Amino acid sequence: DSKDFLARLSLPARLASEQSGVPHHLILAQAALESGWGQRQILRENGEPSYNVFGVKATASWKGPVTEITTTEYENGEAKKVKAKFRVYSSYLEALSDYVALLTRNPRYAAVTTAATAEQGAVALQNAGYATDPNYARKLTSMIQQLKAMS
């Protein structure tokens, strides 16, 4: 949505940035990229938001509410219905806090939480194997530049 995406996520991203040390525009850029500027929603079975902008799956460790999404595979001429549980967050703040908490709790991402710029962080992330793109930093860095042009 035409820069409303920032109006929605900018404050929670900043607060998570300040909690974790992860650069503000990095978080925002990852969200903007992995949700298509927020156009990809993961809604609960009743249409309500999950606020789960990174599409994080729900595990046994997750104690919160969840939503199940049904997709389909046409394999061996059979139509297999597969279900996937996603975390439901209270707010975009909980969503982004859940994300950076993970980052904080794993030394493989030390370089992100002490990065001086967003672009440095995007580089530290690529190293650590995030997204398993070896040219990940570049995808993200263009998005970051686009976020900064807006701020």
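Just count from 1 along the sequence shown to find any residue number.
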| task | Could you check the entry and say whether 130-138 or 20-28 has the higher mean CA B-factor? | result | 130-138
| remark: Looking only at C-alpha temperature factors in the entry, 81-89 or 60-68, the higher average sits in 60-68
| query | Whose CA atom has the top B-factor in the entry, of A118, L103, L96, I42? | reply | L103
| message | Ranking the modelled residues of this chain by C-alpha B-factor as given in the entry, is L125 in the lowest, middle or highest third? | response | highest
